[PDB]
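Input: a single structure, listed below in C-alpha cells.
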Amino acid sequence: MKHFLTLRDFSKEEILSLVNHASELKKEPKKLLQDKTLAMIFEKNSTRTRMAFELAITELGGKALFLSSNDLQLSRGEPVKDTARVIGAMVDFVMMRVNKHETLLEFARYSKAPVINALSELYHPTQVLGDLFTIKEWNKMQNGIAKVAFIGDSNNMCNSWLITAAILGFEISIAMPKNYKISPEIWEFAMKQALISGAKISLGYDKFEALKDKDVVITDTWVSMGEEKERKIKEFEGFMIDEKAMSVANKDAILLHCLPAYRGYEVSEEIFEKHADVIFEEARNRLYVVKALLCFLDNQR
Amino acid sequence: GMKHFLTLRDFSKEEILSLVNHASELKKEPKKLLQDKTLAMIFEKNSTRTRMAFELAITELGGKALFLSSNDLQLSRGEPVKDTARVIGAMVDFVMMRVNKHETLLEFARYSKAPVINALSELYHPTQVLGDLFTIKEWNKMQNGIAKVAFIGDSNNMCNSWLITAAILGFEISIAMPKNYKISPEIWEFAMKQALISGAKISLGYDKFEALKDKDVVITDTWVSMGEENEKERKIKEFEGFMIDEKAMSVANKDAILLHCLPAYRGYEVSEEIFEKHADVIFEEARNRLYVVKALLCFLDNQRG
Amino acid sequence: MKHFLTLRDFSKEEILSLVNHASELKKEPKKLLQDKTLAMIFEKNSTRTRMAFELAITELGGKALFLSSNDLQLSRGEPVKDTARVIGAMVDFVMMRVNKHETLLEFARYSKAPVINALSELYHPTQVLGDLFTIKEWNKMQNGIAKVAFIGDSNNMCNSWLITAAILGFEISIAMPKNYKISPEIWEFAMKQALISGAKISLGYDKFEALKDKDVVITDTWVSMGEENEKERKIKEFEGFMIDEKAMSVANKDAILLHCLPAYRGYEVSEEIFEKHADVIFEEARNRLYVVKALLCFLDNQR
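Heads up: the protein sequence lines correspond to chains A, B and C, in order. So my numbering is basically just the index in the first sequence, starting at one, shifted up by 61. If you count the second sequence from 1, position 262 lands on 260 in my numbering, and the numbers rise without skipping. So my numbering is basically just the index in the third sequence, starting at one, shifted up by 6.
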C-alpha cells in the first residue's frame, strides 16, 4: 500500500499521469469517490490547503473531516501511533499538515489509510504537482521538458522542485544565498535521477544566473512559519523578484508563487500584480491535482 | 453585472418581498435547488446562530458549507483581503462573511468571482432583517403590505437595516433611542429619499412610549453592541427608560409581537416576563433565518451576469 | 420523547437491542436516516468521539454540524434554555459532550430534538455501549452474562459500567483505592437493579480480588479531565493499581483488556500489556461507530 509523502516515491510516468488526470477532471468532473472519507489533520492551519482538499474529496462524491490544531493536539497528549490506529482505521484517506516530517512517517507507519503530505518541513509535493499542472496549462512545457528557475530558501519547496525536476527531466536552476545549503541526501537522489531522465540541474547563489534562459520562475516567502527574522531578510538582499529580474528570463515567462506573498520582499507589488492571473490560477489548480492524487491512492491499496 | 448581498439598500421593494415569498414556499415545500453548490463561510467573530442558518441553508438546498473560522482565517492580519478573495472567491459558489468592518466585505466583493453575503457588519445586518420580515408576515402583522413597526434600541447595525428596509418597503416605522444618540447621516439621508418613493412614514425620537403608539411589531436588541463591549457600563445607564417590559408592550397595539435577534439580556433591553411571554414568536424568528438565507442563496445563484 | 443521557433510563432489552442493531449495521450498512441532521456540541474537545458521531450520522445518510468550544460558549453567554430552543428546533438530534451533567438535563428539558450524552462527569454511556459491542464480538459473552472487572477511579466510566452490569445481569467486580467512594445514589440504583437481573456486583480496594475469574478487564486513566489541578496526589494513591502482565495473569486465560483511551503507559497500564491487547483496544475504539448508529436510529423511532 502506497502513501503520498513525497514525489520521490513516484515515477516520471506516475507523476505525469496525475497531471493528465487532473486535467481530465478539470475538464469533465466526475464523482469517482462516492461516499469516501478524508480526515484532514492540521498542526498548523492553512486555509488555502484546506480548501483544496476539502473541495477535492467533496466534488469527487466524498466527505471531509477537518480536525484542527485546537481539536487535535498531536504528540502533546496521546502518542501518534495511537491516533493513527484509530483515525487511520475509520476513514479512507488521511491528509496531514505537519510541523515535522517524522510525524507523518510515524502516522503512516500505523495508518491503515493512505496518508497524504499536505506540507512538511522537508517536502511540499502537492504544491509542486499544482505548479506543474499550471506550467502545462500555460503551455510552458515545450518538448515534455520545462526550463525552470527556483529562487528562495533551501526549504521544503526547493527540495520538492529539485526532486521533481530530476524525475521529470526538467532543466532547473536553483538560487539561494551563499551561506544556505541543500540536504546532501536529497541532492544525491536527484543526481541519480537526472542521469536516468536527462535533467539539467544547477545550484547557485546568483539570482540572475539562475534566471537566464528560463520560461518559469518560481519563488516563495523567505520568513517561513514557525521560523520567525530581521537578520534573515538582510541575507536575502539581492533576491527579490522584480521587473529587472523577470527581464533576465525569457520573454513571456510566468511567475509562480505558492503564497502568501509579501510584497516588497520576495516579490515586488508591480511584478506580482503583473502575474496575478497565473499566480491565482496556480492557487486554485491545487484542487484538480489533489483530486487526481486521491483517485490514484484509492486504486493503490 | 453580478450582484452581491451586502445590504438591503441595493434591492427593490419587489426584490425583498419576493425573497420573503420564496422563503415561505421553501418552508412549506423544501427543494434541493442548489445541488453540489458550495458556500464558504468566513467568520471574523463567531456566531453559532448564524452559522447554523447558513450551514443548514446550503445543506438542505443540496450543497456543502465550508466553515473557515477566526483561528483558521486571519483576515487583514496576515495576507491582504484581495488575495484571499482571489483564491476563495474563485473556488466556491458563494461566500458568506461575518466581519468586524464593512469595508472588508466591500474589498472582498470587489475581488470575488463569487457573490459575497453580509452575515453581519458594523453597519448592516440584512439577513436578520429578512428573517424578521418573514416572521412578521407569518404572524399576520402585515396588513396591506405595510407594517406598523417600532424599533427600540441603539443606533447599531440592526437599526440601520430596519430603517432602510422600512424605507424601501413603505412601512411605518418609529425609532426610539437615547437623546445623545444619532443615526449616521448618510444612512438617514438614503432613508429619507426612499420614503418619498415608497410612502414610508419614518419618525425618530428619544421617547420609548411615543415610538410604541399604534404599533403591531416591537423590535429591540442588545444595547452593548458586539465589539463595543469595552464601553458597556456607561451605555447601560444611558438606556435607563428603554427596556421593553409589560407596561411598554401595553402601549402598543393589542396582540403586538415582540422581536429580538438574540441573544437577549433579561433585565436590560427586555424583561424576563415579557421575553418569555413572546418565546413562541422570538424563537420562530430565530429559526426563520434558515428559510430566508435559502431564498437569498437561490436568488444570488440566478443573478451571476 | 426519549433522550439518551444514561443507560439508567433503559431496559436490559433495550440495551441489548441497540448492540444487536449495531451489529446488523456493521454487517450490512444501510442509510436509514436520509437527510437527517446532528448537531454536535462540545464543551471540551474529543476527536475520537467526534469521529464516531460524525461518521455515524454521515453513513446513515445525514449531516453533522460540529459546534466547538470556541464556537459555542454554553452557560457563559446566553442561557442554555435559549440555546436549546434554537438549536434543538433546527436539527434532528443533538449530541453533547459536557463538563457538567446538569447542562445536558437543562438542554434536554428545552430541546425539541433528542439529546445524546457523549460524555459527562457522571456518565459515559456511549462508551459502555461500545465496550459491550466489543465484548460480544470477542465471544466473551457466555450465556448472555459477562464476567467483568473494572479497575480505576470512581469516575463516569465506573458509574456507567456499574449501572450497565446491574441492568444486564453481568458479574462485575470493581476495584479502586481505599479512600475512594462511589456516589451513594448511583450505588443504590445498582443494588436495586441487581436484585431484578441477578447481577453479581462487588466493590473492593484489591486489584487482584477484582480480577479473579474474569474474562474482561476494563481500566481507565486515573487523572480524569478537569481534575488535573490535583494530579500529583492521585498518582500516589493508585500505587498498586496498574494493569500489568502479573495482573492479567490473575484473570482467566485469554481475557481481553479494554481501555477507553487515551492511555498513559506506565500508569494505569503497562506498555507491554497495552500493546499485547492493541487489536481489541483499537477495535473497541472503532466500534463506537456502530453503536452510535444504532442509538441514532433508535432515538429517531422514539419521538
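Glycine included, every Cβ here is placed at the ideal spot set by N, Cα and C.
7 Å Cβ shell around residue i - same chain, five flanking residues per side excluded
i             : result
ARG54/C       : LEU267, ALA291
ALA83/B       : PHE106, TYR109, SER110
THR109/C      : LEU80, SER81, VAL86
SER258/A      : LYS73, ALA227, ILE228, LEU229, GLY230
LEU288/B      : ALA51, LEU54, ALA55
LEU31/C       : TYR296, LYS299, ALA300
residue 387/A : The first residue shown for chain A is 62 and the last is 362, placing residue 387/A beyond what the model contains.
Span of the alpha helix (DSSP H) around residue i
i        : result
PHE297/B : 277 to 300
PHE188/B : 183 to 196
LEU78/C  : That residue, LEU78/C, is in no alpha helix (DSSP H); it is neither H nor E in DSSP.
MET50/B  : 46 to 58
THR163/B : 155 to 167
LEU77/A  : 73 to 88
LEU13/C  : Run containing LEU13/C: none; DSSP gives neither H nor E here.
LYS206/B : 206 to 210
For residue j and residue i, the rounded distance between their alpha carbons
i        : j        : result
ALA21/B  : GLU13/B  : 12 Å
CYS296/B : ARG111/A : 26 Å
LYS242/A : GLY299/A : 17 Å
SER179/C : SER208/C : 5 Å
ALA189/B : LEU316/A : 49 Å
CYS157/B : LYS135/B : 20 Å
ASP243/B : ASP212/B : 17 Å
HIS185/A : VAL351/A : 13 Å
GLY83/C  : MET46/C  : 18 Å
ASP253/B : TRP137/B : 10 Å
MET147/C : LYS153/C : 8 Å
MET182/C : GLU34/C  : 40 Å
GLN361/A : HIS9/C   : 44 Å
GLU281/C : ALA155/C : 19 Å
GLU120/B : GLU278/C : 59 Å
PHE127/A : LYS268/A : 40 Å
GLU236/C : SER230/C : 10 Å
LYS91/A  : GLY123/A : 12 Å
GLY94/C  : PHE92/B  : 27 Å
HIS318/A : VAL147/A : 37 Å
For residue i, the nearest candidate out of the options (CA to CA)
i        : options                                : result
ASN346/A : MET301/A, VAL209/A, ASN106/A, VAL189/A : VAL189/A
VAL256/C : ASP221/C, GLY232/C, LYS282/C           : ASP221/C
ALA262/B : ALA277/B, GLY76/B, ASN138/B, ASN251/B  : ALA277/B
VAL97/C  : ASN51/C, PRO120/C, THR64/C             : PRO120/C
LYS184/C : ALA171/C, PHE214/C, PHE16/C, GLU243/C  : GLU243/C
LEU37/B  : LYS43/B, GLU58/B, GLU23/B, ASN44/B     : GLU58/B
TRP283/A : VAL209/A, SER129/A, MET301/A           : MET301/A
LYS191/B : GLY(-1)/B, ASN228/B, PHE3/B, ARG7/B    : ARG7/B
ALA255/A : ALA271/A, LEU223/A, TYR266/A, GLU270/A : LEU223/A
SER130/A : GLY149/A, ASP143/A, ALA150/A, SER107/A : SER107/A
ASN311/A : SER221/A, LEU77/A, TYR326/A, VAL278/A  : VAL278/A
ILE185/B : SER159/B, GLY203/B, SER223/B, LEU210/B : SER159/B
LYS99/B  : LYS233/B, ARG232/B, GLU226/B, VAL85/B  : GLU226/B
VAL339/A : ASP81/B, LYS35/B, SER16/B              : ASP81/B
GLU231/B : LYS35/B, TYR266/B, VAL97/B, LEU210/B   : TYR266/B
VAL104/C : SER189/C, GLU194/C, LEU11/C            : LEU11/C
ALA216/C : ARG271/C, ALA253/C, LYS240/C           : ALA253/C
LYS293/A : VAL147/A, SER215/A, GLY265/A           : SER215/A
Residues near residue i in its chain [Cβ-Cβ closer than 6 Å; skip 5 each side]
i        : result
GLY158/C : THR225, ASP226
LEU31/B  : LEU59, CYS296
Endpoints, the beta strand (DSSP E) within which residue i is located
i        : result
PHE211/A : 208 to 212
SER234/A : 232 to 236
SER201/B : 199 to 203
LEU37/B  : 36 to 41
Own chain residues within Cβ distance below 8 Å of residue i, not counting five before or after
i        : result
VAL25/C  : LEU135, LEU138, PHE139, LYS142, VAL297, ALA300
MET102/C : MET46, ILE47, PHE48, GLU49, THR109, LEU110, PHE113, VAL121, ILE122, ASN123, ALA124
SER269/B : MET241, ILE242, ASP243, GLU244
Item to check | Length-filtered (3 minimum) beta strand (DSSP E) runs lying within the segment 97 to 141 of chain C | outcome: 99 to 103, 121 to 125
Next on the checklist: Threshold first: 4 residues or longer. Then list the alpha helix (DSSP H) segments lying entirely within the segment 237 to 274 of chain B, N to C.
Outcome noted: 244 to 249
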